[PDB]
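> Before we start, here is the structure in question, set down as structure tokens.
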Amino acid sequence: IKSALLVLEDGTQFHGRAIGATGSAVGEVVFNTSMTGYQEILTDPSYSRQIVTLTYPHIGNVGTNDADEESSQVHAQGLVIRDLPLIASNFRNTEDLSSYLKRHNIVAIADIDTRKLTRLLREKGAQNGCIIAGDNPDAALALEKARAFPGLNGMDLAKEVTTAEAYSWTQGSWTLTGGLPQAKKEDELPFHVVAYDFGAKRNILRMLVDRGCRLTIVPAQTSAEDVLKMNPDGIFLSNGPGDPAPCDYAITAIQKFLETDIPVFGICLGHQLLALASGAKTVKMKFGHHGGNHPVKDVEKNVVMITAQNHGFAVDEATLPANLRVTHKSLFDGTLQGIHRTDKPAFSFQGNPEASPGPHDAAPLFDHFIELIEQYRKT
Amino acid sequence: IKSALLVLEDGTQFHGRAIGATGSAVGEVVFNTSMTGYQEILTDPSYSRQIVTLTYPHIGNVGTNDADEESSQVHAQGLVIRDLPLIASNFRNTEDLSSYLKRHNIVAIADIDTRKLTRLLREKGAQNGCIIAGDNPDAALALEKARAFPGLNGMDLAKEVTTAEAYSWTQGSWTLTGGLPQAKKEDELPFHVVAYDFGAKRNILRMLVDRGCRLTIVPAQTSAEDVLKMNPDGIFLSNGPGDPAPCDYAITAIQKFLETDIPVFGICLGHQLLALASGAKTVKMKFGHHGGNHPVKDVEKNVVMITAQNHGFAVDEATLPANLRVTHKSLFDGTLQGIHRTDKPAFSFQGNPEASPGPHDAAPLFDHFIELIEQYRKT
Amino acid sequence: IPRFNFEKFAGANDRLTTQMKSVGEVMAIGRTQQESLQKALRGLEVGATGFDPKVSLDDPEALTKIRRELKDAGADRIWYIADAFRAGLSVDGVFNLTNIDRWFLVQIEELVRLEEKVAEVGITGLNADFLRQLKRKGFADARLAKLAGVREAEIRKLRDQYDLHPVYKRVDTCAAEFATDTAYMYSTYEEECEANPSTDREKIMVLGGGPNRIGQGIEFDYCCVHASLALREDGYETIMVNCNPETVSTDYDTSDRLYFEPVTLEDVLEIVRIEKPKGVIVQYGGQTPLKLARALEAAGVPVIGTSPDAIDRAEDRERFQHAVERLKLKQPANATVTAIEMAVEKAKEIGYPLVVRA
Amino acid sequence: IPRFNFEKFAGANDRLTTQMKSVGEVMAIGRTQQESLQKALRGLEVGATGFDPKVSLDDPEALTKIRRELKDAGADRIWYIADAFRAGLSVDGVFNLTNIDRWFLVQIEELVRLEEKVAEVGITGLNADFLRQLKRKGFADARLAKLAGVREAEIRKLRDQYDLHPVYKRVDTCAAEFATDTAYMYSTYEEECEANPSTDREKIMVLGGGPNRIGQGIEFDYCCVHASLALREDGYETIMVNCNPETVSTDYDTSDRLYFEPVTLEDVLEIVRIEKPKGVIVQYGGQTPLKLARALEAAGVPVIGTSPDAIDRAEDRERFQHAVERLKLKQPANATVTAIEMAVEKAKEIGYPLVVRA
Ligand SMILES: [Cl-]
Ligand SMILES: [Cl-]
Ligand SMILES: [Cl-]
Ligand SMILES: [Cl-]
Ligand SMILES: [Cl-]
Ligand SMILES: [K+]
Ligand SMILES: [K+]
């Protein structure tokens, strides 16, 4: 009996079993509907300071493997599941999930009614919480920490997970057959895109590479000037944790790029920043979107795509400056999912075209970027 | 493949398997011939700063249990074995050996030719060493750590393992049927013994309690005065790690006790201190006595006791002051095993009468102490 | 889980292959795979309470028989799998014979070990924490009762005493991401209940027939559906209870409330417990609900239409033979014979030919 | 390990009980239980080379035999335990039937698994590292050859290749706490060798006959003891190789150097390799060493006394007859048969009664 307990800001308690590291974890508690891809979710920087609840009951069936890592580490503050399986059963498995969590020092609880949890979050909106896994978990203590959490609203977390120094990436996507491929030689990549590291998934990077890009990842805080100084064929605004609003640096830099003709493409946090830099406004959603079965329609093409989502903030359609045209919307709630600068070659998508985990449906957004890129090059 | 390596100051390398924590350990290397009792041995404070090698090839056969803990923790700085068996197989087991070591963050290695190591220790005498368990163990590094280790000679470790504050001890010995008893009530114990904690084994204490003794375990450095004001029925000097010669504070205090008429009993380290306080000299042995089949002769009675031993230093018989008479000698090598003050109610034994592990043959030395206290009580 | 009927086809090859041989199917929903499976097992209407044993522990040839059933799958495979774990084979040995993914095999092994514990500890060891554990893994009151050597009703009371009852979750297509107004439900041993029953309406519950099998088909289901459509049309709140995934009775449009559950005494009483219906119909689902009638009434369930006693009078040959007599009607000559030589004579009495019916 | 002789007592009950029925025993020493156990099996003189299988993997009935053998031990139980693991039974399962502590059972299981790998990787997979590890677990070159489908000699040349030879440790009563001058040794696959053979003496090795069994008793050991005593007394350094713990021959006082080892070609050759004896005696320990003669001589071993050739001439039914023919001595009528109808006819020639020697 290795107890664990989760408490939400509202006082709700869920008692279950510790399945990862001993300790405590505090963050905003969110639910994710993905039936597969827990590893990828766990390792997505966007999950920084968030407690991840997975609605699919059996989490861990296939164990874990290095290829399934979205970053160098597990960003999730903690993990909430209904059942950890007895065994992992998959040829790609290199380590069982409990071992993995422990190894990454993650506080995780199993055996709780995740449904009740999801229902509460849906109904009453997101809540901050705390998990204590240990000998005799203090429920009063957990509540206090939950209540003492500052919250993600107005919290800049991009600066917190960004790389320290700029780096070069030239590695493409995995294949069943060849796994993760060797990094390409710079000369084999026609384009050179400069990527803003706001807590980037490796998959974004790999998919850009697959399309002919060679990249330079730069810290969140890079200046426009240093950026422009590189003479990129395009600029990329990665996905990333927290409130996009506070990232004044990014916004400024961005505004800076928009004065030029360099194609700019943002994904998720990148989508919100572009929007902000364009004069739009962002909002914190009631509970946001985390799942991999989310329908988004390309309104310009009247077509639906099933996509991967992982965001708690959104761009207000209503405050859209005139130079921003709406390109996609959520079919589940009508929220804004895509925009394109009417006057500039800058566009972004709220969802995650790179998926990992999730449907490959939105991959094509990447192609528009290349398109833009090549066009800028024609010039 | 989980690597581990043992390097001796002489440069000899032992390549094996890590079975405990990742990391390094430095200490004096000793061999113990006990075919049973590995846990008790690990948890003996006397082993502070020593890397213990067990000669019996299969270590871990019965797993581990709390009742078999001779102290709050594992003092052995490292463990060296030939084979860690597949499973633990005993009703009393509560945790397998590997798990336990890991638990206690002990570096341990298995799969080495412990016999080769024992032969070298025997022929060449004690040596300091280092175990490195990790990805790619650095031999050179291990060698250096072993070389830089200062050595136990001249080393006061009692001060390093003694209790911070005084405490009452009223718990008795374990039984098959009941297990460890609940601590008695102070009122169920007729005698009052002040026990100096030089890194005392729970068994000693338990055994005294079984004899009517209520305990107050005091810090190694406790003054004679502060002790005396306790109006103790007798004073007990515990066993412990390192060199007894540098515990000036204990020699002095002892000296004081000897001016009085209170009964004094020491075991192992306590025996050595007794002898020092009496003006005798100690010396470090070639490789020492560590085992549970050591025959000791009671010269007075001309009988043999098979005993438990764990000592690297010894009292020179030749330097023996006339007020100390020889009561027991080792049949294995003739070294000094017990002494008795001709003028005072003070005695001591080099072996471990409380065993744990080991034969129960020398438990009667405990009795002698009891008569003395009683007779001092008569008075 | 598929429903087979090999017992009606003597000389048939009863091994499973690429050509279907099943005559129906049952479905179960559980929060876990073990809970789901077990529920399905008790819903199959083959008389299993879950992993009931096929061979004896003390049978010298059991491992051989077990081995054969694993290697060459029959309709009984699943039971044999558990038998294998009780006879000593490892997960790996089972895998090897069956090719069934270890992820499933381990769950069944774990259930066996739990059962061995119940058998050891007995009813006395069935403390609240353990029983709840057991319930969470989908063990049925009837399976627990056999292991503990008591009656099903005893396990049932025990749960009452401890206030250990399932809760109901709703099916909703989106893992609770959006709310739902359809009352499409399944039982589970969790915290929060989503049943939210009306206090408003007079309810009528219709019990389904479970999976289809030879002699218990779609025809029973048509009647269930009709009971539901007519009564709803009339103003009653209709509650359907069934677990045949193939049917219209299990379409959430057919009734006001659907409980997709095994049609067993345990499952039904749990529903009735919380729904408090005006009446329950046991006459439209075939044999399945017919057999629960008396038990249901004993437990105080408000059964409507023809009485359980009445049903019995007609279903019991002996009871039936007397009513016919009473009525002065005509029935063919009959006789209950025990011994062979007792028949041969009695036979002479009745006159051939004869309809021997065990 | 006890040595039995049931085959000679055809009508006897052969299950093991409280009344002893074994006729001898072998003993082995190893640095681990696995090494020790394997050494004992191969020195038992029953034709085993380790855990040679008893039943076939593709026998539908095997689990039944295995079950019986585990449940009611006979002399072959040890082998059926490894058949059980090969057949997918678990440690718990074997435990339940035999009552043998799991501490022992997991080790046997672990060995079965290593054997599976050998069979799988074959000789090519017998790399230096895997080969070391196997040897360290007590695997005989002969068992390895078997699983890899090669000749024992190939496994042996390969070890030769990787310079993979055992080292010898000495028995000393004290776990190396004190030095010894006695040479009572055993082989092991460890680091340091304690053999330190002389370079000073003319050595004569005497080969014992392993455990005692009917027809191979104490008489053979007395002979071996006398050879040792006599030649030591005459000045030779005597080397005794034997593993019967009950006799005078394995008393360290009996010879100058004692190797308490299986009397097999493999174990003997490792010894001859470091000892470089002047002569080896194979005619005194009975059948055991006698059947090793040809192979020892082929390997370069200096066999003294009557040549393996001469021994075979006597022992060779057909070879002998010529010699008798040659010496013009009298022998009884005799012939080789193949077939029965042959037999009948021959018998006819030879005359009855007859001695029918298989
Ligand atoms: Cl809960
Ligand atoms: Cl070694
Ligand atoms: Cl319990
Ligand atoms: Cl008999
Ligand atoms: Cl290998
Ligand atoms: K729980
Ligand atoms: K080694």
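Chain labels A, B, ... are given in the sequence in which chains occur in the structure tokens; within each chain residues are numbered consecutively from 1, and ligands are likewise numbered from 1 in the order shown.
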Give me the chain B side of the contact with chain D, cut-off 8 Å, one line per residue showing its nearest atom pair and distance in Å at one decimal, counting only C-alpha atoms, sorted by chain and residue number, as a tab-separated table.

```
residue	atom	partner	partner_atom	distance
B:33	CA	D:175	CA	6.5
B:55	CA	D:175	CA	6.3
B:56	CA	D:175	CA	7.6
B:57	CA	D:32	CA	6.5
B:58	CA	D:32	CA	7.1
B:61	CA	D:103	CA	7.4
B:83	CA	D:32	CA	7.4
B:86	CA	D:106	CA	6.8
B:87	CA	D:103	CA	6.4
B:88	CA	D:103	CA	7.0
B:89	CA	D:103	CA	5.6
B:113	CA	D:190	CA	6.2
B:115	CA	D:176	CA	6.8
B:116	CA	D:192	CA	6.1
B:118	CA	D:176	CA	6.2
B:119	CA	D:176	CA	5.8
B:122	CA	D:177	CA	6.3
```
> Once you have the residues from the selection above, write them out as an mmCIF file, in the first residue's frame, restricted to C-alpha atoms.

```cif
data_model
loop_
_atom_site.group_PDB
_atom_site.id
_atom_site.type_symbol
_atom_site.label_atom_id
_atom_site.label_comp_id
_atom_site.auth_asym_id
_atom_site.auth_seq_id
_atom_site.Cartn_x
_atom_site.Cartn_y
_atom_site.Cartn_z
ATOM 1 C CA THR B 33 32.922 -15.922 6.966
ATOM 2 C CA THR B 55 32.838 -15.508 1.793
ATOM 3 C CA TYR B 56 29.676 -17.606 1.545
ATOM 4 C CA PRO B 57 28.788 -17.382 -2.194
ATOM 5 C CA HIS B 58 24.938 -16.994 -2.026
ATOM 6 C CA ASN B 61 18.757 -16.227 0.116
ATOM 7 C CA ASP B 83 26.197 -14.458 -5.998
ATOM 8 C CA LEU B 86 17.241 -15.161 -8.146
ATOM 9 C CA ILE B 87 14.684 -14.870 -5.372
ATOM 10 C CA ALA B 88 14.607 -14.537 -1.602
ATOM 11 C CA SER B 89 12.943 -17.590 -0.102
ATOM 12 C CA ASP B 113 35.706 -14.130 -7.128
ATOM 13 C CA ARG B 115 37.630 -16.358 -2.678
ATOM 14 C CA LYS B 116 40.454 -14.739 -4.587
ATOM 15 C CA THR B 118 39.764 -13.362 0.704
ATOM 16 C CA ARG B 119 43.038 -15.128 -0.014
ATOM 17 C CA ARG B 122 44.484 -12.997 4.401
#
```
> Pull out every residue of chain D that has at least one atom within 6 Å of chain C, counting only C-alpha atoms, and report them as a list in words.
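The selection requested is residues 61, 63, 64, 88, 89, 90 and 93 of chain D.
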> Those residues you just picked out, can you put them in a file as a short mmCIF file (atom, residue, chain, number, x, y, z; two decimals), in the first residue's frame with N, CA, C and O atoms?

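Output file selection_1.cif follows:
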```
data_model
loop_
_atom_site.label_atom_id
_atom_site.label_comp_id
_atom_site.auth_asym_id
_atom_site.auth_seq_id
_atom_site.Cartn_x
_atom_site.Cartn_y
_atom_site.Cartn_z
N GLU D 61 0.68 -35.89 -24.55
CA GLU D 61 0.56 -36.48 -23.23
C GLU D 61 1.64 -36.13 -22.19
O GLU D 61 1.50 -36.45 -21.04
N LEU D 63 2.59 -33.48 -20.41
CA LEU D 63 2.20 -32.83 -19.17
C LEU D 63 1.62 -33.76 -18.12
O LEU D 63 1.70 -33.52 -16.94
N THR D 64 1.05 -34.83 -18.57
CA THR D 64 0.46 -35.80 -17.68
C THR D 64 1.56 -36.63 -17.03
O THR D 64 1.50 -36.91 -15.84
N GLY D 88 6.38 -25.12 -20.04
CA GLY D 88 5.55 -23.96 -19.65
C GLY D 88 4.91 -23.92 -18.26
O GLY D 88 4.07 -23.04 -17.94
N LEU D 89 5.29 -24.88 -17.43
CA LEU D 89 4.77 -24.89 -16.09
C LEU D 89 5.56 -23.82 -15.33
O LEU D 89 6.73 -23.51 -15.65
N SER D 90 4.98 -23.20 -14.33
CA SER D 90 5.70 -22.17 -13.59
C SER D 90 6.39 -22.77 -12.36
O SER D 90 6.18 -23.93 -12.03
N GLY D 93 3.91 -23.66 -9.89
CA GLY D 93 3.27 -24.90 -10.24
C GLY D 93 4.08 -26.10 -9.86
O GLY D 93 3.57 -27.06 -9.32
#
```
> Would you pick out the contacts of region 144-146 of chain D at 10 Å or less, using only C-alpha atoms, so that residues sharing its chain but fewer than 4 positions from it are not included, and give the list as a count of residues only?
21
> Which residues sit within 9 Å of ligand 7, counting only C-alpha atoms and all ligand atoms, listed as a PyMOL selection string?
(chain B and resi 14-17+82+110-113) or (chain D and resi 190-191)
> Restrict the selected residues to N, CA and C atoms and save them as a PDB file, in the first residue's frame.

```pdb
ATOM      1  N   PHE B  14      38.378  -5.977  -9.534  1.00  0.00           N
ATOM      2  CA  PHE B  14      37.366  -7.049  -9.500  1.00  0.00           C
ATOM      3  C   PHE B  14      36.178  -6.537 -10.331  1.00  0.00           C
ATOM      4  N   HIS B  15      35.925  -7.157 -11.476  1.00  0.00           N
ATOM      5  CA  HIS B  15      34.847  -6.700 -12.366  1.00  0.00           C
ATOM      6  C   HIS B  15      33.593  -7.507 -12.157  1.00  0.00           C
ATOM      7  N   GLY B  16      32.493  -6.851 -11.781  1.00  0.00           N
ATOM      8  CA  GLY B  16      31.256  -7.586 -11.539  1.00  0.00           C
ATOM      9  C   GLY B  16      29.999  -6.791 -11.909  1.00  0.00           C
ATOM     10  N   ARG B  17      28.908  -7.128 -11.233  1.00  0.00           N
ATOM     11  CA  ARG B  17      27.582  -6.604 -11.385  1.00  0.00           C
ATOM     12  C   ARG B  17      27.124  -5.703 -10.242  1.00  0.00           C
ATOM     13  N   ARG B  82      29.648 -13.055  -4.060  1.00  0.00           N
ATOM     14  CA  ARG B  82      29.873 -13.827  -5.250  1.00  0.00           C
ATOM     15  C   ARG B  82      28.556 -13.943  -6.041  1.00  0.00           C
ATOM     16  N   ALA B 110      28.310  -7.741  -7.250  1.00  0.00           N
ATOM     17  CA  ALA B 110      28.226  -9.171  -7.141  1.00  0.00           C
ATOM     18  C   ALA B 110      29.002  -9.833  -8.220  1.00  0.00           C
ATOM     19  N   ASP B 111      29.052 -11.152  -8.185  1.00  0.00           N
ATOM     20  CA  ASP B 111      29.735 -11.838  -9.255  1.00  0.00           C
ATOM     21  C   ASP B 111      31.194 -11.707  -9.366  1.00  0.00           C
ATOM     22  N   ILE B 112      31.849 -11.530  -8.247  1.00  0.00           N
ATOM     23  CA  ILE B 112      33.283 -11.491  -8.296  1.00  0.00           C
ATOM     24  C   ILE B 112      33.789 -12.689  -7.487  1.00  0.00           C
ATOM     25  N   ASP B 113      35.022 -13.021  -7.787  1.00  0.00           N
ATOM     26  CA  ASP B 113      35.706 -14.130  -7.128  1.00  0.00           C
ATOM     27  C   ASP B 113      36.120 -13.685  -5.724  1.00  0.00           C
TER      28      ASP B 113
ATOM     29  N   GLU D 190      36.215 -19.795 -12.136  1.00  0.00           N
ATOM     30  CA  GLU D 190      36.491 -18.531 -11.494  1.00  0.00           C
ATOM     31  C   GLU D 190      37.762 -17.947 -12.055  1.00  0.00           C
ATOM     32  N   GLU D 191      38.306 -16.931 -11.377  1.00  0.00           N
ATOM     33  CA  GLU D 191      39.509 -16.240 -11.761  1.00  0.00           C
ATOM     34  C   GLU D 191      40.857 -16.927 -11.446  1.00  0.00           C
TER      35      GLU D 191
END
```
> Just the number, please: distance in Å from CA of residue 81 (chain A) to CA of residue 109 (chain A), one decimal.
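For CA of residue 81 (chain A) relative to CA of residue 109 (chain A), the distance reads 6.4 Å.
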> Could you give me the residues within 8 Å of ligand 5, counting only C-alpha atoms and all ligand atoms, as an mmCIF file with N, CA and C atoms, in the first residue's frame?

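In the end it all went to pocket-v6.cif:
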```cif
data_model
loop_
_atom_site.group_PDB
_atom_site.id
_atom_site.type_symbol
_atom_site.label_atom_id
_atom_site.label_comp_id
_atom_site.auth_asym_id
_atom_site.auth_seq_id
_atom_site.Cartn_x
_atom_site.Cartn_y
_atom_site.Cartn_z
ATOM 1 N N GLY D 125 26.333 -18.907 -32.065
ATOM 2 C CA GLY D 125 25.964 -17.960 -31.032
ATOM 3 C C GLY D 125 26.796 -18.167 -29.760
ATOM 4 N N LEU D 126 27.680 -19.188 -29.827
ATOM 5 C CA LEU D 126 28.549 -19.504 -28.697
ATOM 6 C C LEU D 126 29.798 -18.708 -28.673
ATOM 7 N N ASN D 127 29.609 -17.436 -28.421
ATOM 8 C CA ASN D 127 30.651 -16.471 -28.333
ATOM 9 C C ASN D 127 31.336 -16.603 -26.986
ATOM 10 N N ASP D 129 31.842 -14.728 -24.466
ATOM 11 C CA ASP D 129 31.121 -14.262 -23.313
ATOM 12 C C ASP D 129 29.946 -15.139 -22.925
ATOM 13 N N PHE D 130 29.228 -15.604 -23.914
ATOM 14 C CA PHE D 130 28.099 -16.450 -23.537
ATOM 15 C C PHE D 130 28.646 -17.816 -23.063
#
```
> Show me which residues line ligand 4, defined as having an atom within 7 Å of a ligand atom where only C-alpha atoms and all ligand atoms count, and present them as number ranges by chain.
D: 11-13
> Any chance you could export the current selection's N, CA and C atoms as a short mmCIF file (atom, residue, chain, number, x, y, z; two decimals), in the first residue's frame?

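After the write, again_15.cif holds the following:
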```cif
data_model
loop_
_atom_site.label_atom_id
_atom_site.label_comp_id
_atom_site.auth_asym_id
_atom_site.auth_seq_id
_atom_site.Cartn_x
_atom_site.Cartn_y
_atom_site.Cartn_z
N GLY D 11 10.11 -55.62 -11.03
CA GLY D 11 8.81 -55.58 -10.35
C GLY D 11 8.68 -54.70 -9.10
N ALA D 12 9.71 -53.96 -8.81
CA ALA D 12 9.64 -53.16 -7.62
C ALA D 12 8.91 -51.83 -7.73
N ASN D 13 8.34 -51.43 -6.58
CA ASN D 13 7.73 -50.14 -6.56
C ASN D 13 8.94 -49.21 -6.63
#
```
> At a cut-off of 6 Å, using only C-alpha atoms, what residues contact region 200-217 of chain D? Leave out same-chain residues fewer than 6 positions from it and give the result as an MDAnalysis selection string.
chainID D and resid 23:26 236:244 277:282 285:286 288
> I'd like to know which residues of region 19-186 of chain C are alpha helix (DSSP H) (by DSSP, run on the backbone); could you write them as a count of residues only?
85
> Can you pull out every residue within 12 Å of residue 357 (chain C), counting only C-alpha atoms, but drop anything in the same chain fewer than 4 positions away, and send it as a list in words?
residues 317, 334, 335, 336 and 337 of chain C
> Write out as a list in words the residues lying within 8 Å of residue 274 (chain B), counting only C-alpha atoms and excluding same-chain residues fewer than 4 positions away.
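Everything that qualifies: residues 251, 254, 266, 270, 278, 347 and 348 of chain B.
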> Since we have the selection now, will you write its residues out, keeping C-alpha atoms, as a PDB file, in the first residue's frame?

```pdb
ATOM      1  CA  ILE B 251      39.213   6.706  27.930  1.00  0.00           C
ATOM      2  CA  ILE B 254      36.235   5.307  31.850  1.00  0.00           C
ATOM      3  CA  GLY B 266      32.482  -3.494  27.645  1.00  0.00           C
ATOM      4  CA  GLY B 270      34.197  -1.168  24.805  1.00  0.00           C
ATOM      5  CA  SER B 278      43.529   0.656  32.339  1.00  0.00           C
ATOM      6  CA  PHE B 347      35.410  -6.735  32.644  1.00  0.00           C
ATOM      7  CA  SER B 348      35.168  -6.997  28.911  1.00  0.00           C
TER       8      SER B 348
END
```
> So which residues touch region 300-306 of chain A within 7 Å, counting only C-alpha atoms, skipping near sequence neighbours fewer than 2 positions away, as a list in words?
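Contacts, with the query itself left out: residues 293, 294, 295, 296, 297, 298, 327, 359, 361 and 362 of chain A.
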> Those same residues, written as a PDB file, in the first residue's frame with C-alpha atoms?

```
ATOM      1  CA  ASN A 293     -10.116  13.590 -31.827  1.00  0.00           C
ATOM      2  CA  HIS A 294     -10.924  17.335 -32.286  1.00  0.00           C
ATOM      3  CA  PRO A 295     -12.638  18.446 -35.452  1.00  0.00           C
ATOM      4  CA  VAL A 296     -11.431  21.706 -37.016  1.00  0.00           C
ATOM      5  CA  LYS A 297     -12.795  22.979 -40.269  1.00  0.00           C
ATOM      6  CA  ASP A 298     -10.752  24.747 -42.997  1.00  0.00           C
ATOM      7  CA  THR A 327      -8.871  30.238 -41.582  1.00  0.00           C
ATOM      8  CA  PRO A 359      -4.130  12.130 -36.355  1.00  0.00           C
ATOM      9  CA  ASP A 361      -4.837  15.225 -40.686  1.00  0.00           C
ATOM     10  CA  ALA A 362      -3.387  18.722 -40.244  1.00  0.00           C
TER      11      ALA A 362
END
```
> So the first atom is CA of residue 335 (chain A) and the second is CA of residue 220 (chain A); what is the distance between them in Å, to one decimal place?
26.4 Å
> Just list the residues in region 177-259 of chain B DSSP gives strand (DSSP E or B) on the backbone, as a count of residues only.
19
> Have a look at atom 1 (K, counted along the ligand's line) of ligand 6 and CA of residue 268 (chain C) and let me know their distance in Å, one decimal.
25.3 Å
